[PDB]
Amino acid sequence: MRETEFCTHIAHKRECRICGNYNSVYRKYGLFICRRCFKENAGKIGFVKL
Amino acid sequence: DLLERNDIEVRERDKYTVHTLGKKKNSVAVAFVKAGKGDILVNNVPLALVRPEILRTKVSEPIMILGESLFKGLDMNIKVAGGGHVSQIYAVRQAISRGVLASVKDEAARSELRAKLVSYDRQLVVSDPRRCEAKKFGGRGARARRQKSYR
Amino acid sequence: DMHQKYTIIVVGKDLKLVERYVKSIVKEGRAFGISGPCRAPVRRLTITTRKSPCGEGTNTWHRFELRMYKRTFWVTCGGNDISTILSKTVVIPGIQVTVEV
Amino acid sequence: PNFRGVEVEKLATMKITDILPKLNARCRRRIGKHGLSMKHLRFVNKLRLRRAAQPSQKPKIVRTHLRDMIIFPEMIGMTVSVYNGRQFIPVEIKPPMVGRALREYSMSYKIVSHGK
Amino acid sequence: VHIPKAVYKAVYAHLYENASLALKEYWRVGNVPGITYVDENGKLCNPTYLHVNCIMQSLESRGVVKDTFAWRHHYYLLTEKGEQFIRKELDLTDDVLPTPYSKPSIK
Amino acid sequence: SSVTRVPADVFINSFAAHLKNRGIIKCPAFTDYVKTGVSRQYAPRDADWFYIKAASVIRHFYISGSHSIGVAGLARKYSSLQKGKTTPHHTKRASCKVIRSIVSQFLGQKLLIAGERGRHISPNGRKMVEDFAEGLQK
Amino acid sequence: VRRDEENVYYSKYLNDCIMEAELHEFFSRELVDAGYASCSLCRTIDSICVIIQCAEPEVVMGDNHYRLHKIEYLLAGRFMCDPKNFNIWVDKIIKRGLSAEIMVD
RNA sequence: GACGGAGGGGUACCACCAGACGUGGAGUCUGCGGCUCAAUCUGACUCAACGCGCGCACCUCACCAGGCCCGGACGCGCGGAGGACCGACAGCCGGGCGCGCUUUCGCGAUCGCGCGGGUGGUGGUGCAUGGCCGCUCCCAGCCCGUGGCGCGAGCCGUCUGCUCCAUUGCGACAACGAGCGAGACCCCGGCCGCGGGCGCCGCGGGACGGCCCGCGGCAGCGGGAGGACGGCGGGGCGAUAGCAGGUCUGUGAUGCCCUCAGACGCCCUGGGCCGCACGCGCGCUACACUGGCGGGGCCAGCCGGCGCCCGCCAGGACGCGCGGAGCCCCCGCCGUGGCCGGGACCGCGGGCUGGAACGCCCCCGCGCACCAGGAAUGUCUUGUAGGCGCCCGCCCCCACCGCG
């Protein structure tokens with residue numbers, strides 16, 4: 001059935017970690033968190049504006 | 001290269017008697033003096049040997065203004081790490097001059113002899129606070145911005 | 001006593017929290033021949049994101065930096081003694097203690 | 001007229017392996033460190049066995065979505081759809097034409113007609 | 001849609017035993033760890049994320065299991081009304097208790 | 001030390017004239033045809049470029065000594081940037097094959113005997129190269 | 001200078017901080033209504049000891065303490081936690097007027 | 001209040017002047033506008049759009065050409081279990097996918113319908129609106145209590161003196177006390193000390209307009225010396241009040257409204273954003289003679305791993321965990337020749353990686369324009385301008401961009 005072509009493509013399908021957004025994965029330190037998502041979750045991870 | 005324990009890391013034994021720091025433009029030169037036979041070599045390299053040959057004449061300034069009897073006999077081994085090239089030479093110059101000063105030591109008016117060297121060259125005994133600045137958002141360089149389209 | 005060499009490493013966001021855990025490990029270890037603490041060069045974790053969610057405006061950027069400082073303590077003791085030291089050490093929640101044999 | 005040291009008929013009857021040693025980097029490594037996919041490979045034997053079995057004028061000229069498969073010397077003599085991103089482009093492969101992707105000979109773009 | 005009755009009943013049990021589930025949502029093909037089962041062939045197999053969600057949603061839709069959604073995750077908290085319906089599917093017994101039913105008291 | 005007192009330019013140029021009488025290394029033909037580097041604009045016209053490079057590697061080697069310098073290490077002493085592009089130039093390495101021959105050939109003459117991470121001078125070579133410097137200063 | 005710059009734990013510590021943000025989100029999802037204000041997990045001894053500073057502790061226990069470690073069990077599917085290895089320190093938060101999240105709830 | 005080709009003072013290299021490097025002229029690139037196309041997904045449009053929304057061969061992906069697939073939960077009404085669904089070798093159609101056919105094979109209510117309802121959606125409206133941001137804003141004002149003055153709108157303090165970047169103060173005053181902005185504070189240097197230490201790195205202190213001289217009601221104000229440093233280090237956080245500024249296209253931020261199974265749902269396959277007169281909005285490299293191009297002395301600071309062996313490289317193998325720029329400086333080669341200036345366009349190969357080049361690099365052709373840039377523009381006062389390189393963000397691939 002659909003399984004024959006089901007998601008057959010193999011390539012990164014990386015997404016932002018907190019969100020479901022696909023762009024700006026920002027995997028700099030392995031934080032797969034989102035960029036627009038990051039502003040909402042930066043201090044908890046310990047980054048600060050200083 | 002950067003503030004390490006490289007102050008004396010290279011040399012073991014033969015403790016060099018004097019330790020004098022010279023610094024210009026992020027370049028570290030610790031001066032080690034043993035009061036020998038006229039060894040002013042710094043960076044285990046001769047005073048005549050230099051990256052810019054013309055620049056060497058400036059690094060001989062204590063030698064011309066201060067008595068040569070000082071440089072006639074001395075011993076030196078200086079660890080210079082950091083600096084583009086010319087930064088290293090002024091740092092070296094700060095090191096050796098302070099190294100000669102550390103040798104004078106006991107005479108109380110050591111400063112008075114040293115100030116003849118300050119009067120001819122200020123900053124030969126002093127370290128500058130000049131350091132590279134930083135860029136900001138929208139700026140290709142530290143004190144500029146992308147050219148503005150409309151006033 | 002099979003005196004194993006243990007290397008204790010502590011990585012924490014706050015200097016105020018880190019100094020307190022460092023003091024306890026030094027304080028607990030005077031009986032066990034503890035080597036003095038090693039301060040790590042600060043580990044910068046800068047992330048720069050243009051603050052605006054949309055593209056409007058001269059993009060202004062948020063440099064969000066997390067500072068990591070790690071502390072190395074060498075101890076030569078038995079496997080149990082670190083456990084006895086553990087009850088005395090004041091545990092700050094979430095600070096990391098790494099036992100390296 | 002002679003292609004890569006082989007005359008048109010010689011290269012036409014030569015195997016894919018035969019023309020491969022003297023060829024461009026993309027072509028040599030297409031099978032050299034790689035090979036073909038099973039879908040790509042199957043398509044070959046959906047025209048090959050038809051190109052060698054002519055009963056008259058071809059009734060096939062099959063329409064295929066697959067496009068960037070490097071053409072094989074044998075597949076010379078037949079018209080392939082080489083689907084551009086919308087409509088199939090019928091393409092007859094010349095014998096000197098072989099040794100490059102079927103992508104090069106297919107146009108998915110507008111030629112010009114703007115400049116307003 | 002073919003969801004095995006062995007995938008169903010064992011899956012219900014994993015959720016029932018811990019009274020909990022935390023799955024990073026997967027749009028399509030996925031394997032959910034923590035739940036494993038026996039196929040008709042006697043093979044130990046893990047279920048599928050697409051299939052598992054179709055049952056997970058159904059049990060929170062029945063109201064048997066309370067559910068939370070934190071962006072891309074389902075956090076399942078089973079209800080007591082749910083425990084009785086789970087027993088009506090598993091063919092298990094009323095005395096059996098979810099493992100967190102008691103014992104986390106802190107003095 | 002006098003090997004740190006012989007200016008690098010004087011040491012390297014003077015050492016290769018007797019290395020020419022020596023017949024040491026034997027610079028090959030393809031190497032004297034190829035242009036050094038993957039960023040050089042065109043081939044150096046030194047003609048005896050390989051022989052002049054051989055006086056360049058073993059002098060910097062005296063300072064490196066025990067720490068050792070691998071094939072990339074001597075390429076580092078002569079590292080350059082491309083001078084001809086519309087877009088800006090990012091720094092790149094010089095040619096590996098020409099450098100791999102110069103210290104591999106030097107291993108053959110026994111002046112360099114190496115068995116560590118990449119290459120180190122045999123003491124006989126360190127002494128002899130230093131001895132050429134001993135002749136150079138005084 | 002002789003130590004790997006690939007210090008594996010240096011990355012691990014920030015993972016605990018995203019665990020902290022995920023925990024914050026986890027409790028924000030429905031336990032903020034239950035009163036969740038602040039969180040701190042402890043994985044130093046692999047205890048996974050979490051402090052849920054909250055306006056009123058009794059809400060999560062309810063009447064049987066059944067769901068108290070179910071929150072830890074939810075984390076058990078995610079991080080292989082064991083009931084009781086992990087702990088929920090839901091305690092009293094005094095001067096709740098000072099607390100902001102629940103004050104605005 | 002707001003305007004004013006009204007005045008009286010302030011202040012800012014976003015203002016200007018003394019200067020500087022520019023840009024616009026040249027080529028090249030990237031983003032627009034405007035075209036074309038089956039399709040060129042789009043938002044933005046004076047500062048305050050236009051290398052910007054974090055690196056489109058695929059995915060992303062919004063759009064075009066083709067089709068698969070349900071994932072129509074939960075309740076009742078049905079159909080009804082050897083009968084709900086669902087899989088299928090060949091011969092196919094068809095890139096293709098047992099989709100649907102011929103076929104003759106397997107399943108076993110796990111369900112199919114009818115409804116009511118859930119069902120997603122980078123689909124519309126940001127003049128539904130959240131959050132956050134752009135600006136006003138190199139920019140200081142805001143308001144409360146009590147008391148005054150006014151029928152009241154409002155005044156007063158909150159100031160027609162001086163000082164400060166600044167209601168910043170000091171004086172004086174129907175106002176008198178408060179406050180919130182600015183300050184303070186925090187981040188990194190200028191330097192040193194104590195504990196230490198592998199990784200020089202944690203904790204203190206310290207330049208205080210302190211003192212000198214002149215003026216200062218006084219606050220302040222110059223000239224000064226000592227001095228790591230002269231009276232904020234380089235940064236962040238930033239009031240009241242707004243804007244119908246931007247974003248529903250980041251989202252479990254979402255209202256109304258639409259498409260809800262031949263789907264705007266969701267998978268595959270090939271497109272496109274890399275098409276595209278002219279025009280622009282940033283960039284980049286040039287026009288050589290303080291330049292080349294030359295081998296060959298090198299030198300960092302972000303904070304970073306190397307070896308060996310083949311291959312011109314590109315790279316590849318085999319491995320061990322380990323380590324650094326350019327410009328410039330060298331001696332040379334070289335006549336003012338679109339030149340051995342410049343490096344375009346573009347034939348011929350070698351590779352890389354990726355399902356796949358249409359991405360990219362290297363080698364070898366080739367030698368575009370351009371020989372100092374008209375109006376009209378910017379951006380900046382010390383480690384500053386410029387010049388010259390490193391790293392990251394994104395990313396299989398790929399920087400001229402941006403943060404540093």
# chains A, B, ... in the order shown; residues from 1 in each chain; ligands from 1

call {"tool": "residues_around", "arguments": {"residues": "stretch 84-101 of chain E", "least_positions_apart": "2", "cutoff": "12 Å", "atoms": "only C-alpha atoms (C1' of nucleotides)", "output": "ChimeraX atom specification"}}
result
/E:5-20,59-60,62-65,77-82,103-105 /G:61-74,76,82-84

call {"tool": "residues_around", "arguments": {"residues": "residue F:110", "least_positions_apart": "6", "cutoff": "9 Å", "atoms": "only C-alpha atoms (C1' of nucleotides)", "output": "mmCIF file with N, CA, C and O atoms, in the first residue's frame"}}
result
data_model
loop_
_atom_site.group_PDB
_atom_site.id
_atom_site.type_symbol
_atom_site.label_atom_id
_atom_site.label_comp_id
_atom_site.auth_asym_id
_atom_site.auth_seq_id
_atom_site.Cartn_x
_atom_site.Cartn_y
_atom_site.Cartn_z
ATOM 1 N N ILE F 121 64.845 15.080 13.453
ATOM 2 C CA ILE F 121 66.192 14.972 12.833
ATOM 3 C C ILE F 121 67.004 13.943 13.604
ATOM 4 O O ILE F 121 66.865 13.897 14.833
ATOM 5 N N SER F 122 67.801 13.136 12.901
ATOM 6 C CA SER F 122 68.726 12.218 13.606
ATOM 7 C C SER F 122 69.736 13.116 14.300
ATOM 8 O O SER F 122 70.057 14.170 13.741
ATOM 9 N N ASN F 124 72.802 12.967 14.464
ATOM 10 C CA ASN F 124 73.982 13.192 13.595
ATOM 11 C C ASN F 124 73.640 14.348 12.664
ATOM 12 O O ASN F 124 74.483 15.244 12.504
ATOM 13 N N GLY F 125 72.429 14.340 12.110
ATOM 14 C CA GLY F 125 71.999 15.472 11.272
ATOM 15 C C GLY F 125 71.883 16.763 12.055
ATOM 16 O O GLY F 125 72.318 17.787 11.524
#

call {"tool": "residues_around", "arguments": {"residues": "residue B:95", "least_positions_apart": "3", "cutoff": "6 Å", "atoms": "only C-alpha atoms (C1' of nucleotides)", "output": "PyMOL selection string"}}
result
chain B and resi 20-22+31+92+98-99

call {"tool": "interface_residues", "arguments": {"of": "chain E", "to": "chain H", "cutoff": "8 Å", "atoms": "only C-alpha atoms (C1' of nucleotides)", "output": "list in words"}}
result
residues 1, 2, 3, 4, 5, 50, 54, 57, 58, 61, 62, 69, 70, 71 and 72 of chain E

call {"tool": "closest_residue", "arguments": {"among": "A:19, A:10, A:1, A:50", "to": "residue A:33", "atoms": "only C-alpha atoms"}}
result
A:19

call {"tool": "closest_atom_pairs", "arguments": {"of": "chain H", "to": "chain G", "cutoff": "10 Å", "atoms": "only C-alpha atoms (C1' of nucleotides)", "output": "CSV"}}
result
residue,atom,partner,partner_atom,distance
H:198,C1',G:1,CA,7.3
H:199,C1',G:1,CA,6.7
H:252,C1',G:29,CA,8.6
H:304,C1',G:5,CA,8.8
H:305,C1',G:4,CA,8.6
H:321,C1',G:4,CA,8.5
H:322,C1',G:4,CA,8.5
H:323,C1',G:1,CA,9.6

call {"tool": "residues_around", "arguments": {"residues": "stretch 31-42 of chain D", "least_positions_apart": "6", "cutoff": "10 Å", "atoms": "only C-alpha atoms (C1' of nucleotides)", "output": "PDB file with N, CA, C and O atoms (P, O5', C5', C4', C3', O3' and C1' of nucleotides), in the first residue's frame"}}
result
ATOM      1  N   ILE D  16      27.927  -0.820 -21.739  1.00  0.00           N
ATOM      2  CA  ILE D  16      28.079   0.385 -20.874  1.00  0.00           C
ATOM      3  C   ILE D  16      29.483   0.340 -20.273  1.00  0.00           C
ATOM      4  O   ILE D  16      30.161   1.386 -20.267  1.00  0.00           O
ATOM      5  N   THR D  17      29.931  -0.853 -19.875  1.00  0.00           N
ATOM      6  CA  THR D  17      31.286  -1.029 -19.292  1.00  0.00           C
ATOM      7  C   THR D  17      32.352  -0.614 -20.306  1.00  0.00           C
ATOM      8  O   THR D  17      33.371  -0.099 -19.871  1.00  0.00           O
ATOM      9  N   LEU D  20      32.761   3.217 -20.611  1.00  0.00           N
ATOM     10  CA  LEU D  20      33.026   3.849 -19.289  1.00  0.00           C
ATOM     11  C   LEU D  20      34.506   4.194 -19.046  1.00  0.00           C
ATOM     12  O   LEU D  20      34.729   5.293 -18.525  1.00  0.00           O
ATOM     13  N   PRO D  21      35.540   3.388 -19.391  1.00  0.00           N
ATOM     14  CA  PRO D  21      36.918   3.738 -19.057  1.00  0.00           C
ATOM     15  C   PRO D  21      37.365   5.091 -19.608  1.00  0.00           C
ATOM     16  O   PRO D  21      38.024   5.796 -18.877  1.00  0.00           O
ATOM     17  N   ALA D  25      34.533  12.778 -15.470  1.00  0.00           N
ATOM     18  CA  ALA D  25      34.602  12.376 -14.046  1.00  0.00           C
ATOM     19  C   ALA D  25      33.227  11.981 -13.521  1.00  0.00           C
ATOM     20  O   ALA D  25      33.140  10.957 -12.837  1.00  0.00           O
ATOM     21  N   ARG D  48      15.593  -1.051 -23.234  1.00  0.00           N
ATOM     22  CA  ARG D  48      16.668  -1.880 -23.842  1.00  0.00           C
ATOM     23  C   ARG D  48      16.043  -3.022 -24.642  1.00  0.00           C
ATOM     24  O   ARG D  48      16.374  -3.156 -25.833  1.00  0.00           O
ATOM     25  N   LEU D  66      11.697   9.792 -14.613  1.00  0.00           N
ATOM     26  CA  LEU D  66      13.158   9.786 -14.336  1.00  0.00           C
ATOM     27  C   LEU D  66      13.876  10.648 -15.372  1.00  0.00           C
ATOM     28  O   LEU D  66      13.602  10.480 -16.577  1.00  0.00           O
ATOM     29  N   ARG D  67      14.801  11.486 -14.914  1.00  0.00           N
ATOM     30  CA  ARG D  67      15.448  12.398 -15.881  1.00  0.00           C
ATOM     31  C   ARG D  67      16.966  12.277 -15.835  1.00  0.00           C
ATOM     32  O   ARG D  67      17.539  11.869 -16.851  1.00  0.00           O
ATOM     33  N   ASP D  68      17.603  12.586 -14.697  1.00  0.00           N
ATOM     34  CA  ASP D  68      19.089  12.680 -14.720  1.00  0.00           C
ATOM     35  C   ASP D  68      19.759  11.317 -14.606  1.00  0.00           C
ATOM     36  O   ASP D  68      20.596  11.156 -13.707  1.00  0.00           O
ATOM     37  N   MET D  69      19.447  10.399 -15.517  1.00  0.00           N
ATOM     38  CA  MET D  69      20.177   9.110 -15.534  1.00  0.00           C
ATOM     39  C   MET D  69      21.147   9.205 -16.706  1.00  0.00           C
ATOM     40  O   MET D  69      20.676   9.495 -17.820  1.00  0.00           O
ATOM     41  N   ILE D  70      22.441   8.997 -16.469  1.00  0.00           N
ATOM     42  CA  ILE D  70      23.414   9.185 -17.581  1.00  0.00           C
ATOM     43  C   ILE D  70      23.022   8.183 -18.664  1.00  0.00           C
ATOM     44  O   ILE D  70      22.721   7.023 -18.321  1.00  0.00           O
TER      45      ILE D  70
ATOM     46  P     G H  95       3.397   7.485 -17.648  1.00  0.00           P
ATOM     47  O5'   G H  95       4.723   6.904 -16.929  1.00  0.00           O
ATOM     48  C5'   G H  95       5.230   7.596 -15.766  1.00  0.00           C
ATOM     49  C4'   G H  95       6.672   7.219 -15.546  1.00  0.00           C
ATOM     50  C3'   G H  95       6.960   5.770 -15.148  1.00  0.00           C
ATOM     51  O3'   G H  95       6.979   4.823 -16.206  1.00  0.00           O
ATOM     52  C1'   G H  95       8.252   7.275 -13.828  1.00  0.00           C
ATOM     53  P     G H  96       6.943   3.255 -15.872  1.00  0.00           P
ATOM     54  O5'   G H  96       6.279   3.166 -14.395  1.00  0.00           O
ATOM     55  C5'   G H  96       6.985   2.473 -13.324  1.00  0.00           C
ATOM     56  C4'   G H  96       6.926   3.303 -12.066  1.00  0.00           C
ATOM     57  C3'   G H  96       6.169   2.698 -10.878  1.00  0.00           C
ATOM     58  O3'   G H  96       7.016   2.267  -9.814  1.00  0.00           O
ATOM     59  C1'   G H  96       5.643   4.996 -11.165  1.00  0.00           C
ATOM     60  P     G H 355      21.929  10.561  -0.180  1.00  0.00           P
ATOM     61  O5'   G H 355      22.364   9.663  -1.436  1.00  0.00           O
ATOM     62  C5'   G H 355      21.907   8.292  -1.469  1.00  0.00           C
ATOM     63  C4'   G H 355      21.252   8.025  -2.799  1.00  0.00           C
ATOM     64  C3'   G H 355      21.754   8.876  -3.967  1.00  0.00           C
ATOM     65  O3'   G H 355      22.991   8.391  -4.470  1.00  0.00           O
ATOM     66  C1'   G H 355      19.382   8.735  -4.011  1.00  0.00           C
ATOM     67  P     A H 356      23.937   9.368  -5.292  1.00  0.00           P
ATOM     68  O5'   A H 356      23.381   9.216  -6.777  1.00  0.00           O
ATOM     69  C5'   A H 356      23.684  10.185  -7.795  1.00  0.00           C
ATOM     70  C4'   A H 356      22.417  10.797  -8.348  1.00  0.00           C
ATOM     71  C3'   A H 356      22.587  12.196  -8.930  1.00  0.00           C
ATOM     72  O3'   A H 356      22.860  12.112 -10.325  1.00  0.00           O
ATOM     73  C1'   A H 356      20.663  12.087  -7.496  1.00  0.00           C
TER      74        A H 356
END

call {"tool": "residues_around", "arguments": {"residues": "residue C:62", "least_positions_apart": "5", "cutoff": "6 Å", "atoms": "only C-alpha atoms (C1' of nucleotides)", "output": "PyMOL selection string"}}
result
chain C and resi 48-51

call {"tool": "residues_around", "arguments": {"residues": "stretch 107-112 of chain D", "least_positions_apart": "6", "cutoff": "12 Å", "atoms": "only C-alpha atoms (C1' of nucleotides)", "output": "list in words"}}
result
residues 67, 81, 82, 83, 84, 85, 86, 87, 88, 89, 90 and 91 of chain D; 35, 36, 37, 38, 39, 40, 64, 65, 270, 271, 272, 274, 275, 276, 277 and 358 of chain H

call {"tool": "write_last_selection", "arguments": {"atoms": "C-alpha atoms (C1' of nucleotides)", "output": "PDB file, in the first residue's frame"}}
result
ATOM      1  CA  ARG D  67      15.448  12.398 -15.881  1.00  0.00           C
ATOM      2  CA  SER D  81      10.504  11.309 -22.751  1.00  0.00           C
ATOM      3  CA  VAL D  82      13.154  12.922 -20.398  1.00  0.00           C
ATOM      4  CA  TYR D  83      10.264  14.565 -18.467  1.00  0.00           C
ATOM      5  CA  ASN D  84      10.997  18.260 -17.819  1.00  0.00           C
ATOM      6  CA  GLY D  85       9.210  19.636 -14.750  1.00  0.00           C
ATOM      7  CA  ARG D  86       5.730  19.715 -16.419  1.00  0.00           C
ATOM      8  CA  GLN D  87       5.676  17.987 -19.843  1.00  0.00           C
ATOM      9  CA  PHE D  88       7.654  15.090 -21.390  1.00  0.00           C
ATOM     10  CA  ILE D  89      10.304  16.180 -23.980  1.00  0.00           C
ATOM     11  CA  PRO D  90      10.773  13.507 -26.709  1.00  0.00           C
ATOM     12  CA  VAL D  91      14.598  13.098 -27.110  1.00  0.00           C
TER      13      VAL D  91
ATOM     14  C1'   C H  35       9.266  40.915 -17.257  1.00  0.00           C
ATOM     15  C1'   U H  36       8.492  36.069 -18.741  1.00  0.00           C
ATOM     16  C1'   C H  37       6.671  31.512 -18.084  1.00  0.00           C
ATOM     17  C1'   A H  38       2.741  25.400 -16.480  1.00  0.00           C
ATOM     18  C1'   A H  39       5.243  27.710 -12.310  1.00  0.00           C
ATOM     19  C1'   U H  40       8.784  31.730 -11.093  1.00  0.00           C
ATOM     20  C1'   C H  64       3.629  24.262 -11.055  1.00  0.00           C
ATOM     21  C1'   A H  65       2.940  19.381 -13.573  1.00  0.00           C
ATOM     22  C1'   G H 270      10.052  15.785 -11.973  1.00  0.00           C
ATOM     23  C1'   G H 271      10.056  21.280 -11.672  1.00  0.00           C
ATOM     24  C1'   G H 272      10.925  26.442  -9.937  1.00  0.00           C
ATOM     25  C1'   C H 274      19.905  29.569  -9.954  1.00  0.00           C
ATOM     26  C1'   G H 275      14.712  31.690 -15.007  1.00  0.00           C
ATOM     27  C1'   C H 276      14.424  37.280 -16.115  1.00  0.00           C
ATOM     28  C1'   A H 277      15.522  44.294 -21.687  1.00  0.00           C
ATOM     29  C1'   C H 358      21.934  21.630 -12.265  1.00  0.00           C
TER      30        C H 358
END

call {"tool": "residues_around", "arguments": {"residues": "residue F:20", "least_positions_apart": "6", "cutoff": "10 Å", "atoms": "only C-alpha atoms (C1' of nucleotides)", "output": "list in words"}}
result
residues 26, 48, 51 and 52 of chain F

call {"tool": "interface_residues", "arguments": {"of": "chain C", "to": "chain A", "cutoff": "8 Å", "atoms": "only C-alpha atoms", "output": "list in words"}}
result
residues 13, 45, 46, 47, 49, 51, 53, 62, 63, 64, 65, 66 and 67 of chain C

call {"tool": "write_last_selection", "arguments": {"atoms": "N, CA, C and O atoms", "output": "PDB file, in the first residue's frame"}}
result
ATOM      1  N   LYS C  13      26.720  26.726  35.764  1.00  0.00           N
ATOM      2  CA  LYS C  13      26.437  28.061  35.167  1.00  0.00           C
ATOM      3  C   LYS C  13      26.789  29.235  36.084  1.00  0.00           C
ATOM      4  O   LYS C  13      27.303  30.230  35.556  1.00  0.00           O
ATOM      5  N   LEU C  45      29.361  30.242  25.559  1.00  0.00           N
ATOM      6  CA  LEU C  45      28.344  29.547  24.734  1.00  0.00           C
ATOM      7  C   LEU C  45      27.508  30.647  24.088  1.00  0.00           C
ATOM      8  O   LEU C  45      26.303  30.703  24.382  1.00  0.00           O
ATOM      9  N   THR C  46      28.134  31.499  23.255  1.00  0.00           N
ATOM     10  CA  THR C  46      27.366  32.633  22.740  1.00  0.00           C
ATOM     11  C   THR C  46      26.426  32.175  21.643  1.00  0.00           C
ATOM     12  O   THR C  46      26.883  31.598  20.657  1.00  0.00           O
ATOM     13  N   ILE C  47      25.172  32.641  21.685  1.00  0.00           N
ATOM     14  CA  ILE C  47      24.238  32.419  20.540  1.00  0.00           C
ATOM     15  C   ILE C  47      23.748  33.818  20.153  1.00  0.00           C
ATOM     16  O   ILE C  47      23.272  34.523  21.044  1.00  0.00           O
ATOM     17  N   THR C  49      20.990  35.866  17.951  1.00  0.00           N
ATOM     18  CA  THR C  49      19.754  35.766  17.137  1.00  0.00           C
ATOM     19  C   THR C  49      19.215  37.179  16.919  1.00  0.00           C
ATOM     20  O   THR C  49      19.130  37.915  17.905  1.00  0.00           O
ATOM     21  N   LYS C  51      16.842  39.903  17.265  1.00  0.00           N
ATOM     22  CA  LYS C  51      15.737  39.876  18.259  1.00  0.00           C
ATOM     23  C   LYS C  51      14.374  39.825  17.573  1.00  0.00           C
ATOM     24  O   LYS C  51      13.497  39.092  18.056  1.00  0.00           O
ATOM     25  N   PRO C  53      11.221  38.784  15.709  1.00  0.00           N
ATOM     26  CA  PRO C  53      10.724  37.521  15.165  1.00  0.00           C
ATOM     27  C   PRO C  53      10.522  37.662  13.655  1.00  0.00           C
ATOM     28  O   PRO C  53      10.845  36.730  12.944  1.00  0.00           O
ATOM     29  N   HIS C  62      20.484  39.603  19.559  1.00  0.00           N
ATOM     30  CA  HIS C  62      20.618  39.228  20.992  1.00  0.00           C
ATOM     31  C   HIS C  62      21.809  38.290  21.133  1.00  0.00           C
ATOM     32  O   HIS C  62      21.676  37.128  20.724  1.00  0.00           O
ATOM     33  N   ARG C  63      22.899  38.746  21.742  1.00  0.00           N
ATOM     34  CA  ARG C  63      24.013  37.804  21.999  1.00  0.00           C
ATOM     35  C   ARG C  63      23.690  37.137  23.335  1.00  0.00           C
ATOM     36  O   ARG C  63      23.786  37.819  24.369  1.00  0.00           O
ATOM     37  N   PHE C  64      23.328  35.857  23.311  1.00  0.00           N
ATOM     38  CA  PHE C  64      22.901  35.165  24.552  1.00  0.00           C
ATOM     39  C   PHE C  64      24.053  34.265  24.969  1.00  0.00           C
ATOM     40  O   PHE C  64      24.284  33.253  24.291  1.00  0.00           O
ATOM     41  N   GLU C  65      24.725  34.600  26.069  1.00  0.00           N
ATOM     42  CA  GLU C  65      25.943  33.795  26.339  1.00  0.00           C
ATOM     43  C   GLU C  65      25.783  32.997  27.635  1.00  0.00           C
ATOM     44  O   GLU C  65      25.252  33.563  28.610  1.00  0.00           O
ATOM     45  N   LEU C  66      26.164  31.712  27.624  1.00  0.00           N
ATOM     46  CA  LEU C  66      26.149  30.887  28.868  1.00  0.00           C
ATOM     47  C   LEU C  66      27.599  30.575  29.238  1.00  0.00           C
ATOM     48  O   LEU C  66      28.333  30.053  28.387  1.00  0.00           O
ATOM     49  N   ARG C  67      27.995  30.888  30.468  1.00  0.00           N
ATOM     50  CA  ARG C  67      29.415  30.702  30.834  1.00  0.00           C
ATOM     51  C   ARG C  67      29.545  29.383  31.586  1.00  0.00           C
ATOM     52  O   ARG C  67      28.802  29.189  32.566  1.00  0.00           O
TER      53      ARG C  67
END

call {"tool": "atom_distance", "arguments": {"atom1": "atom CA of residue B:103", "atom2": "atom CA of residue B:67"}}
result
13.5 Å

call {"tool": "interface_residues", "arguments": {"of": "chain B", "to": "chain H", "cutoff": "10 Å", "atoms": "only C-alpha atoms (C1' of nucleotides)", "output": "number ranges by chain"}}
result
B: 1-5, 25-27, 49-53, 81-88, 126-151

call {"tool": "select_by_dssp", "arguments": {"residues": "stretch 67-107 of chain E", "states": "strand (DSSP E)", "output": "ChimeraX atom specification"}}
result
/E:67-69,73-78

call {"tool": "select_by_dssp", "arguments": {"residues": "chain A", "states": "helix (DSSP H, G or I)", "output": "JSON, numbers by chain"}}
result
{"A": [2, 3, 4, 35, 36, 37, 38, 39, 40]}

call {"tool": "atom_distance", "arguments": {"atom1": "atom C1' of residue H:289", "atom2": "atom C1' of residue H:345"}}
result
28.6 Å
